[PDB]
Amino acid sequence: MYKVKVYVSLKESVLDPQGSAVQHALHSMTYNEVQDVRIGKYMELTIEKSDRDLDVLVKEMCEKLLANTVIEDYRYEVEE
């Protein structure tokens, strides 16, 4: 069946304090080479064939539960 990878991330149009804090933490740990840090959610969904088309199913789930399209962008990839 299918392995669907979903990436959910804060829209770039929003201040990201958490990413800033992680970047600073890395510097404090002496990994001063870091210039920017971005952290998002990564999901792996195993999906079995059904009457619904795969693309319709995934977006429906991201629009309703896996994401808040008001403040986050989401994208996906499918593998077998």
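Numbers for residues come from their place in the sequence shown, where the first is 1.
Novice: Taking only the CA atoms, which stretch has the higher mean B-factor in the record, 20-28 or 62-70?
Specialist: Higher mean C-alpha B-factor: 62-70.
Novice: Rank-wise, by C-alpha B-factor, drop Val4 into the lowest, middle or highest third of its chain.
Specialist: Lowest third of the chain for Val4's C-alpha B-factor.
Novice: Give the position of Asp53 by CA B-factor within its chain, expressed as the lowest, middle or highest third.
Specialist: Highest third - that is where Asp53 ends up once the chain's C-alpha B-factors are sorted.
Novice: What third of the chain, by the recorded C-alpha B-factor, contains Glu77?
Specialist: For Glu77, the deposited C-alpha B-factor lands in the middle third.
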